[PDB]
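Below is my_file-v7.txt, holding compact mmCIF, N, CA, C and O atoms and all ligand atoms.
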# COMPACT_ATOMS: atom_id res chain seq x y z
N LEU W 1 0.65 -11.31 -18.21
CA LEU W 1 0.24 -9.89 -18.19
C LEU W 1 0.79 -9.23 -19.45
O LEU W 1 1.94 -9.47 -19.78
N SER W 2 -0.01 -8.33 -20.04
CA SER W 2 0.45 -7.46 -21.11
C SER W 2 1.50 -6.49 -20.59
O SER W 2 1.55 -6.22 -19.39
N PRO W 3 2.34 -5.91 -21.46
CA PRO W 3 3.28 -4.87 -21.04
C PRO W 3 2.57 -3.70 -20.33
O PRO W 3 3.09 -3.15 -19.36
N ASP W 4 1.38 -3.32 -20.80
CA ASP W 4 0.62 -2.24 -20.19
C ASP W 4 0.21 -2.61 -18.76
O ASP W 4 0.28 -1.78 -17.86
N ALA W 5 -0.22 -3.86 -18.56
CA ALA W 5 -0.64 -4.32 -17.24
C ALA W 5 0.55 -4.39 -16.29
O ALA W 5 0.44 -4.09 -15.10
N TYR W 6 1.69 -4.83 -16.81
CA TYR W 6 2.91 -4.89 -16.03
C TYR W 6 3.30 -3.50 -15.53
O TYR W 6 3.64 -3.33 -14.37
N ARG W 7 3.27 -2.52 -16.42
CA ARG W 7 3.61 -1.15 -16.08
C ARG W 7 2.64 -0.60 -15.05
O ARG W 7 3.05 0.03 -14.08
N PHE W 8 1.34 -0.83 -15.25
CA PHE W 8 0.33 -0.38 -14.31
C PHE W 8 0.59 -0.96 -12.93
O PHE W 8 0.49 -0.24 -11.96
N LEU W 9 0.91 -2.26 -12.81
CA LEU W 9 1.09 -2.88 -11.52
C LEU W 9 2.35 -2.35 -10.83
O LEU W 9 2.35 -2.18 -9.61
N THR W 10 3.44 -2.10 -11.59
CA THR W 10 4.62 -1.53 -10.97
C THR W 10 4.32 -0.14 -10.38
O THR W 10 4.77 0.21 -9.27
N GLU W 11 3.54 0.66 -11.11
CA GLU W 11 3.12 1.98 -10.63
C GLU W 11 2.22 1.85 -9.40
O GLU W 11 2.36 2.62 -8.47
N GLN W 12 1.30 0.88 -9.40
CA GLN W 12 0.42 0.64 -8.27
C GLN W 12 1.24 0.26 -7.05
O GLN W 12 0.93 0.78 -5.99
N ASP W 13 2.28 -0.59 -7.19
CA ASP W 13 3.15 -0.95 -6.10
C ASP W 13 3.78 0.31 -5.46
O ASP W 13 3.78 0.45 -4.21
N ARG W 14 4.33 1.21 -6.30
CA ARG W 14 4.96 2.39 -5.73
C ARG W 14 3.93 3.27 -5.01
O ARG W 14 4.21 3.83 -3.97
N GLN W 15 2.73 3.39 -5.57
CA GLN W 15 1.68 4.22 -4.99
C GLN W 15 1.20 3.65 -3.65
O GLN W 15 0.93 4.42 -2.74
N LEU W 16 1.07 2.31 -3.55
CA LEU W 16 0.66 1.66 -2.31
C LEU W 16 1.71 1.93 -1.23
O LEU W 16 1.38 2.14 -0.06
N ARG W 17 2.99 1.87 -1.60
CA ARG W 17 4.04 2.13 -0.64
C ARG W 17 4.00 3.59 -0.16
O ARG W 17 4.25 3.87 1.00
N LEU W 18 3.76 4.52 -1.07
CA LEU W 18 3.64 5.94 -0.73
C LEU W 18 2.46 6.16 0.23
O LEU W 18 2.56 6.92 1.15
N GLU W 19 1.32 5.51 -0.02
CA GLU W 19 0.14 5.68 0.81
C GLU W 19 0.40 5.13 2.20
O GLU W 19 0.02 5.78 3.18
N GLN W 20 1.08 3.97 2.28
CA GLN W 20 1.46 3.41 3.55
C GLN W 20 2.35 4.39 4.33
O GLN W 20 2.17 4.57 5.52
N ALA W 21 3.31 5.01 3.66
CA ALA W 21 4.25 5.90 4.33
C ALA W 21 3.50 7.13 4.85
O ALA W 21 3.81 7.61 5.94
N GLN W 22 2.53 7.63 4.10
CA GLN W 22 1.77 8.80 4.50
C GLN W 22 0.92 8.47 5.73
O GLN W 22 0.86 9.27 6.66
N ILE W 23 0.29 7.28 5.72
CA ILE W 23 -0.55 6.85 6.81
C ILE W 23 0.31 6.66 8.05
O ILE W 23 -0.08 7.11 9.11
N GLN W 24 1.49 6.05 7.89
CA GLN W 24 2.39 5.79 9.00
C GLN W 24 2.79 7.11 9.63
O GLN W 24 2.83 7.18 10.87
N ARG W 25 3.06 8.14 8.82
CA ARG W 25 3.47 9.42 9.35
C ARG W 25 2.36 10.03 10.20
O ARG W 25 2.63 10.54 11.30
N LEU W 26 1.12 9.94 9.70
CA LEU W 26 -0.05 10.44 10.42
C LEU W 26 -0.24 9.68 11.74
O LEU W 26 -0.51 10.30 12.75
N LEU W 27 -0.08 8.35 11.71
CA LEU W 27 -0.34 7.52 12.88
C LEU W 27 0.74 7.80 13.94
O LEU W 27 0.41 7.94 15.13
N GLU W 28 1.99 7.94 13.50
CA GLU W 28 3.11 8.09 14.43
C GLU W 28 3.08 9.46 15.08
O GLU W 28 3.65 9.64 16.16
N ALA W 29 2.40 10.43 14.46
CA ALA W 29 2.27 11.77 15.00
C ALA W 29 1.25 11.85 16.15
O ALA W 29 1.18 12.88 16.80
N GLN W 30 0.45 10.79 16.35
CA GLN W 30 -0.65 10.84 17.30
C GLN W 30 -0.12 10.54 18.70
O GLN W 30 -0.30 9.43 19.19
N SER W 31 0.53 11.52 19.34
CA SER W 31 1.11 11.30 20.66
C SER W 31 0.01 11.10 21.69
O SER W 31 -1.02 11.76 21.64
N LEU W 32 0.20 10.12 22.59
CA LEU W 32 -0.81 9.85 23.62
C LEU W 32 -0.47 10.63 24.89
O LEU W 32 -1.42 10.83 25.70
N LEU Y 1 -5.97 13.69 15.13
CA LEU Y 1 -6.84 12.57 14.70
C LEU Y 1 -7.52 12.00 15.93
O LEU Y 1 -6.87 11.87 16.96
N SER Y 2 -8.80 11.62 15.79
CA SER Y 2 -9.50 10.91 16.83
C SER Y 2 -8.91 9.50 16.99
O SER Y 2 -8.30 8.94 16.06
N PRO Y 3 -9.13 8.85 18.15
CA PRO Y 3 -8.80 7.44 18.31
C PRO Y 3 -9.49 6.56 17.26
O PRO Y 3 -8.92 5.59 16.80
N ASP Y 4 -10.72 6.90 16.87
CA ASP Y 4 -11.40 6.13 15.82
C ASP Y 4 -10.67 6.25 14.48
O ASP Y 4 -10.60 5.29 13.74
N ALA Y 5 -10.14 7.42 14.14
CA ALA Y 5 -9.38 7.62 12.92
C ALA Y 5 -8.06 6.86 12.97
O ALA Y 5 -7.63 6.33 11.96
N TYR Y 6 -7.43 6.81 14.14
CA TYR Y 6 -6.21 6.01 14.32
C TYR Y 6 -6.50 4.54 13.98
O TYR Y 6 -5.74 3.90 13.26
N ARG Y 7 -7.60 4.01 14.56
CA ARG Y 7 -7.96 2.62 14.35
C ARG Y 7 -8.24 2.36 12.87
O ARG Y 7 -7.79 1.36 12.29
N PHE Y 8 -9.04 3.24 12.27
CA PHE Y 8 -9.41 3.09 10.87
C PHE Y 8 -8.18 3.08 9.97
O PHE Y 8 -8.08 2.27 9.05
N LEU Y 9 -7.24 3.99 10.21
CA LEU Y 9 -6.08 4.12 9.33
C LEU Y 9 -5.14 2.94 9.54
O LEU Y 9 -4.48 2.51 8.61
N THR Y 10 -5.00 2.43 10.75
CA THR Y 10 -4.24 1.22 11.00
C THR Y 10 -4.80 0.05 10.19
O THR Y 10 -4.06 -0.76 9.63
N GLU Y 11 -6.13 -0.09 10.14
CA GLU Y 11 -6.76 -1.14 9.34
C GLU Y 11 -6.53 -0.91 7.85
O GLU Y 11 -6.33 -1.86 7.09
N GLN Y 12 -6.55 0.35 7.40
CA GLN Y 12 -6.28 0.67 6.00
C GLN Y 12 -4.84 0.28 5.67
O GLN Y 12 -4.58 -0.27 4.61
N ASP Y 13 -3.89 0.58 6.56
CA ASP Y 13 -2.50 0.17 6.42
C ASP Y 13 -2.40 -1.35 6.24
O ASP Y 13 -1.63 -1.82 5.39
N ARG Y 14 -3.09 -2.14 7.06
CA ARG Y 14 -3.03 -3.60 6.91
C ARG Y 14 -3.52 -4.04 5.52
O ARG Y 14 -2.91 -4.90 4.87
N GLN Y 15 -4.60 -3.42 5.04
CA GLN Y 15 -5.18 -3.76 3.75
C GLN Y 15 -4.22 -3.40 2.60
O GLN Y 15 -4.08 -4.16 1.65
N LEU Y 16 -3.57 -2.23 2.70
CA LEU Y 16 -2.62 -1.79 1.70
C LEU Y 16 -1.43 -2.73 1.65
O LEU Y 16 -0.93 -3.01 0.56
N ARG Y 17 -0.95 -3.20 2.80
CA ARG Y 17 0.18 -4.10 2.83
C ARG Y 17 -0.17 -5.43 2.16
O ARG Y 17 0.66 -6.02 1.45
N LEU Y 18 -1.39 -5.92 2.41
CA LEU Y 18 -1.84 -7.16 1.81
C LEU Y 18 -1.95 -7.01 0.29
O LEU Y 18 -1.54 -7.90 -0.45
N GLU Y 19 -2.53 -5.91 -0.17
CA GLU Y 19 -2.71 -5.68 -1.61
C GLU Y 19 -1.37 -5.54 -2.31
O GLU Y 19 -1.18 -6.07 -3.42
N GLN Y 20 -0.44 -4.84 -1.66
CA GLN Y 20 0.91 -4.70 -2.20
C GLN Y 20 1.57 -6.06 -2.36
O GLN Y 20 2.23 -6.33 -3.37
N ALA Y 21 1.44 -6.93 -1.36
CA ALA Y 21 2.06 -8.24 -1.43
C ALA Y 21 1.47 -9.06 -2.58
O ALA Y 21 2.16 -9.81 -3.24
N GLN Y 22 0.16 -8.95 -2.79
CA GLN Y 22 -0.49 -9.70 -3.86
C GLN Y 22 0.00 -9.22 -5.23
O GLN Y 22 0.23 -10.04 -6.13
N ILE Y 23 0.16 -7.90 -5.38
CA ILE Y 23 0.64 -7.33 -6.63
C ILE Y 23 2.08 -7.79 -6.88
O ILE Y 23 2.46 -8.14 -8.02
N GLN Y 24 2.89 -7.80 -5.82
CA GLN Y 24 4.28 -8.22 -5.94
C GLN Y 24 4.35 -9.67 -6.40
O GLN Y 24 5.22 -10.02 -7.21
N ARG Y 25 3.46 -10.53 -5.90
CA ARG Y 25 3.44 -11.92 -6.31
C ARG Y 25 3.18 -12.04 -7.81
O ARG Y 25 3.79 -12.87 -8.51
N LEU Y 26 2.25 -11.22 -8.31
CA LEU Y 26 1.89 -11.21 -9.72
C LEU Y 26 3.08 -10.73 -10.56
O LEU Y 26 3.31 -11.25 -11.64
N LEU Y 27 3.81 -9.72 -10.08
CA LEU Y 27 4.93 -9.17 -10.83
C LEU Y 27 6.07 -10.18 -10.89
O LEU Y 27 6.65 -10.39 -11.96
N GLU Y 28 6.30 -10.89 -9.78
CA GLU Y 28 7.40 -11.84 -9.67
C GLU Y 28 7.14 -13.08 -10.52
O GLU Y 28 8.08 -13.81 -10.86
N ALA Y 29 5.89 -13.33 -10.87
CA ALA Y 29 5.50 -14.44 -11.73
C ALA Y 29 5.77 -14.18 -13.22
O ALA Y 29 5.50 -15.09 -14.03
N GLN Y 30 6.14 -12.95 -13.60
CA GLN Y 30 6.30 -12.63 -15.01
C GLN Y 30 7.58 -13.25 -15.59
O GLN Y 30 8.50 -13.66 -14.89
N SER Y 31 7.62 -13.29 -16.92
CA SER Y 31 8.60 -14.04 -17.67
C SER Y 31 8.97 -13.22 -18.92
O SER Y 31 8.11 -12.56 -19.50
N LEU Y 32 10.20 -13.37 -19.40
CA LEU Y 32 10.56 -12.80 -20.71
C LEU Y 32 10.02 -13.64 -21.89
O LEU Y 32 9.69 -14.84 -21.69
CL CL W 101 7.26 9.53 8.41
For this file, produce the structure as structure tokens.
Amino acid sequence: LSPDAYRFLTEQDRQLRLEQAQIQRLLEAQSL
Amino acid sequence: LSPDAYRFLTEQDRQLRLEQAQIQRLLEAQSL
């Protein structure tokens, strides 16, 4: 990977984790 | 959220986790 691609993938990793956390918060709020 | 939205977002969570793992594998393969 180029340095640019490496940087992009590290940023994508953090963003995927943030999206997971947001989804988890929404799902956990759905009281039955 | 509707039950359908709960199901959909749970599936999106699974996909995000898989994509994150694939990106991590690519990052861990890098070399100086
Ligand atoms: Cl949370």
Can you provide chain Y as a tab-separated table (two decimals) with N, CA, C and O atoms, in the coordinates of the input, superposed onto chain W by least squares across all C-alpha atoms matched in order?
chain	number	residue	atom	x	y	z
Y	1	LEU	N	-0.06	-11.84	-17.83
Y	1	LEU	CA	-0.28	-10.37	-17.85
Y	1	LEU	C	0.44	-9.80	-19.06
Y	1	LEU	O	1.55	-10.23	-19.34
Y	2	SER	N	-0.18	-8.81	-19.72
Y	2	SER	CA	0.47	-8.08	-20.77
Y	2	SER	C	1.60	-7.22	-20.19
Y	2	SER	O	1.60	-6.87	-19.00
Y	3	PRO	N	2.57	-6.80	-21.03
Y	3	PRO	CA	3.56	-5.82	-20.62
Y	3	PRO	C	2.91	-4.52	-20.13
Y	3	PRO	O	3.41	-3.89	-19.21
Y	4	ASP	N	1.80	-4.10	-20.73
Y	4	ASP	CA	1.10	-2.90	-20.26
Y	4	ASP	C	0.56	-3.09	-18.84
Y	4	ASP	O	0.58	-2.17	-18.05
Y	5	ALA	N	0.05	-4.27	-18.50
Y	5	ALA	CA	-0.43	-4.57	-17.16
Y	5	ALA	C	0.72	-4.61	-16.16
Y	5	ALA	O	0.55	-4.17	-15.04
Y	6	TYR	N	1.87	-5.12	-16.58
Y	6	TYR	CA	3.07	-5.09	-15.73
Y	6	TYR	C	3.41	-3.64	-15.35
Y	6	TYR	O	3.67	-3.34	-14.19
Y	7	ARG	N	3.44	-2.77	-16.38
Y	7	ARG	CA	3.79	-1.37	-16.16
Y	7	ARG	C	2.78	-0.71	-15.23
Y	7	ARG	O	3.14	0.02	-14.30
Y	8	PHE	N	1.50	-0.93	-15.52
Y	8	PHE	CA	0.43	-0.33	-14.72
Y	8	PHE	C	0.53	-0.75	-13.26
Y	8	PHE	O	0.38	0.07	-12.36
Y	9	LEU	N	0.76	-2.04	-13.01
Y	9	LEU	CA	0.77	-2.55	-11.64
Y	9	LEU	C	2.02	-2.07	-10.91
Y	9	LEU	O	1.98	-1.85	-9.72
Y	10	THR	N	3.15	-1.96	-11.58
Y	10	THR	CA	4.34	-1.37	-11.00
Y	10	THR	C	4.07	0.06	-10.53
Y	10	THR	O	4.51	0.48	-9.46
Y	11	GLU	N	3.36	0.85	-11.34
Y	11	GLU	CA	3.00	2.21	-10.95
Y	11	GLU	C	2.02	2.21	-9.78
Y	11	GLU	O	2.10	3.06	-8.89
Y	12	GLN	N	1.09	1.25	-9.74
Y	12	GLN	CA	0.15	1.13	-8.63
Y	12	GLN	C	0.93	0.81	-7.35
Y	12	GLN	O	0.65	1.36	-6.30
Y	13	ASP	N	1.91	-0.10	-7.43
Y	13	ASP	CA	2.79	-0.43	-6.32
Y	13	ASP	C	3.48	0.84	-5.80
Y	13	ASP	O	3.58	1.02	-4.58
Y	14	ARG	N	4.03	1.68	-6.67
Y	14	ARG	CA	4.69	2.91	-6.20
Y	14	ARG	C	3.71	3.81	-5.43
Y	14	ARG	O	4.05	4.36	-4.38
Y	15	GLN	N	2.48	3.93	-5.94
Y	15	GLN	CA	1.47	4.77	-5.32
Y	15	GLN	C	1.06	4.22	-3.93
Y	15	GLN	O	0.89	4.98	-2.99
Y	16	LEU	N	0.91	2.89	-3.83
Y	16	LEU	CA	0.56	2.25	-2.58
Y	16	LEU	C	1.66	2.45	-1.56
Y	16	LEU	O	1.36	2.66	-0.38
Y	17	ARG	N	2.93	2.37	-1.96
Y	17	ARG	CA	4.03	2.56	-1.04
Y	17	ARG	C	4.05	3.99	-0.50
Y	17	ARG	O	4.33	4.21	0.68
Y	18	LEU	N	3.77	4.96	-1.38
Y	18	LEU	CA	3.73	6.35	-0.98
Y	18	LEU	C	2.59	6.59	0.01
Y	18	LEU	O	2.77	7.29	1.01
Y	19	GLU	N	1.41	6.05	-0.28
Y	19	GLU	CA	0.24	6.24	0.59
Y	19	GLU	C	0.46	5.60	1.94
Y	19	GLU	O	0.09	6.17	2.98
Y	20	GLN	N	1.07	4.41	1.94
Y	20	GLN	CA	1.39	3.73	3.19
Y	20	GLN	C	2.33	4.57	4.03
Y	20	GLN	O	2.16	4.67	5.25
Y	21	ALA	N	3.35	5.16	3.42
Y	21	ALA	CA	4.30	5.97	4.16
Y	21	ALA	C	3.62	7.19	4.78
Y	21	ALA	O	3.93	7.61	5.87
Y	22	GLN	N	2.69	7.80	4.04
Y	22	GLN	CA	1.98	8.97	4.55
Y	22	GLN	C	1.11	8.60	5.75
Y	22	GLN	O	1.05	9.36	6.73
Y	23	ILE	N	0.45	7.44	5.68
Y	23	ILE	CA	-0.40	6.98	6.77
Y	23	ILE	C	0.47	6.70	8.00
Y	23	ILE	O	0.10	7.03	9.14
Y	24	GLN	N	1.64	6.08	7.77
Y	24	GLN	CA	2.54	5.76	8.87
Y	24	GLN	C	2.99	7.04	9.56
Y	24	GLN	O	3.12	7.06	10.79
Y	25	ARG	N	3.25	8.11	8.80
Y	25	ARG	CA	3.66	9.37	9.39
Y	25	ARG	C	2.58	9.91	10.32
Y	25	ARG	O	2.86	10.44	11.41
Y	26	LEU	N	1.32	9.79	9.89
Y	26	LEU	CA	0.17	10.25	10.66
Y	26	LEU	C	0.05	9.42	11.94
Y	26	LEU	O	-0.28	9.96	12.99
Y	27	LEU	N	0.27	8.11	11.86
Y	27	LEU	CA	0.13	7.24	13.02
Y	27	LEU	C	1.23	7.53	14.03
Y	27	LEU	O	0.95	7.63	15.23
Y	28	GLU	N	2.45	7.78	13.54
Y	28	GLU	CA	3.61	8.01	14.40
Y	28	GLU	C	3.51	9.35	15.11
Y	28	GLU	O	4.17	9.57	16.13
Y	29	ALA	N	2.70	10.26	14.59
Y	29	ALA	CA	2.46	11.57	15.19
Y	29	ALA	C	1.50	11.52	16.38
Y	29	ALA	O	1.26	12.58	16.99
Y	30	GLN	N	0.84	10.38	16.63
Y	30	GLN	CA	-0.16	10.31	17.68
Y	30	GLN	C	0.47	10.31	19.08
Y	30	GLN	O	1.66	10.05	19.27
Y	31	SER	N	-0.37	10.60	20.07
Y	31	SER	CA	0.06	10.89	21.42
Y	31	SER	C	-0.97	10.27	22.39
Y	31	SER	O	-2.17	10.27	22.09
Y	32	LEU	N	-0.53	9.88	23.58
Y	32	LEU	CA	-1.48	9.49	24.63
Y	32	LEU	C	-2.15	10.71	25.31
Y	32	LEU	O	-1.61	11.84	25.21
Checklist line | Distance in Å - atom CA of residue W:15 versus atom CA of residue Y:26 | finding: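 Computed distance, atom CA of residue W:15 to atom CA of residue Y:26, equals 16.1 Å.
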Checklist line | Selected residue, from W:25, W:7, W:19, W:1, that lies nearest to ligand CL 101 (chain W) when counting only C-alpha atoms and all ligand atoms | finding: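 With only C-alpha atoms and all ligand atoms as the atom set, the closest residue is W:25.
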Next item on the list: Write out as a ChimeraX atom specification all residues of chain W that backbone DSSP assigns to helix (DSSP H, G or I).
Entry: /W:3-28
Next item on the list: Could I get the residue neighbourhood of ligand CL 101 (chain W) at 8 Å, counting all atoms listed in the file, as number ranges by chain?
Entry: W: 20-26, 28-29
Mind listing as a compact mmCIF listing (two decimals) with N, CA, C and O atoms, in the coordinates of the input all residues within 7 Å of (4.6, -3.6, -7.9), counting only N, CA, C and O atoms?
# COMPACT_ATOMS: atom_id res chain seq x y z
N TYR W 6 1.69 -4.83 -16.81
CA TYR W 6 2.91 -4.89 -16.03
C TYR W 6 3.30 -3.50 -15.53
O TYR W 6 3.64 -3.33 -14.37
N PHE W 8 1.34 -0.83 -15.25
CA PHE W 8 0.33 -0.38 -14.31
C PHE W 8 0.59 -0.96 -12.93
O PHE W 8 0.49 -0.24 -11.96
N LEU W 9 0.91 -2.26 -12.81
CA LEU W 9 1.09 -2.88 -11.52
C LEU W 9 2.35 -2.35 -10.83
O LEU W 9 2.35 -2.18 -9.61
N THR W 10 3.44 -2.10 -11.59
CA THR W 10 4.62 -1.53 -10.97
C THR W 10 4.32 -0.14 -10.38
O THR W 10 4.77 0.21 -9.27
N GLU W 11 3.54 0.66 -11.11
CA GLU W 11 3.12 1.98 -10.63
C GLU W 11 2.22 1.85 -9.40
O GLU W 11 2.36 2.62 -8.47
N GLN W 12 1.30 0.88 -9.40
CA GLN W 12 0.42 0.64 -8.27
C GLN W 12 1.24 0.26 -7.05
O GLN W 12 0.93 0.78 -5.99
N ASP W 13 2.28 -0.59 -7.19
CA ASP W 13 3.15 -0.95 -6.10
C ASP W 13 3.78 0.31 -5.46
O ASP W 13 3.78 0.45 -4.21
N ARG W 14 4.33 1.21 -6.30
CA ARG W 14 4.96 2.39 -5.73
C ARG W 14 3.93 3.27 -5.01
O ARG W 14 4.21 3.83 -3.97
N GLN Y 20 -0.44 -4.84 -1.66
CA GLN Y 20 0.91 -4.70 -2.20
C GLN Y 20 1.57 -6.06 -2.36
O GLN Y 20 2.23 -6.33 -3.37
N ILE Y 23 0.16 -7.90 -5.38
CA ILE Y 23 0.64 -7.33 -6.63
C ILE Y 23 2.08 -7.79 -6.88
O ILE Y 23 2.46 -8.14 -8.02
N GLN Y 24 2.89 -7.80 -5.82
CA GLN Y 24 4.28 -8.22 -5.94
C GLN Y 24 4.35 -9.67 -6.40
O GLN Y 24 5.22 -10.02 -7.21
N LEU Y 27 3.81 -9.72 -10.08
CA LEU Y 27 4.93 -9.17 -10.83
C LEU Y 27 6.07 -10.18 -10.89
O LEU Y 27 6.65 -10.39 -11.96
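Between atom CA of residue Y:31 and atom CA of residue Y:16 the interatomic distance comes to 25.5 Å.
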Need the axis-aligned box for stretch 11-24 of chain Y with 3 Å each side, so what are the centre and edges in Å to one decimal, as lines of an AutoDock Vina configuration file?
center_x = -0.8
center_y = -4.7
center_z = 1.1
size_x = 18.0
size_y = 16.7
size_z = 24.2
Next item on the list: Please measure the separation of atom O of residue Y:17 and atom C of residue W:32, giving the value in Å to one decimal.
Entry: 28.8 Å
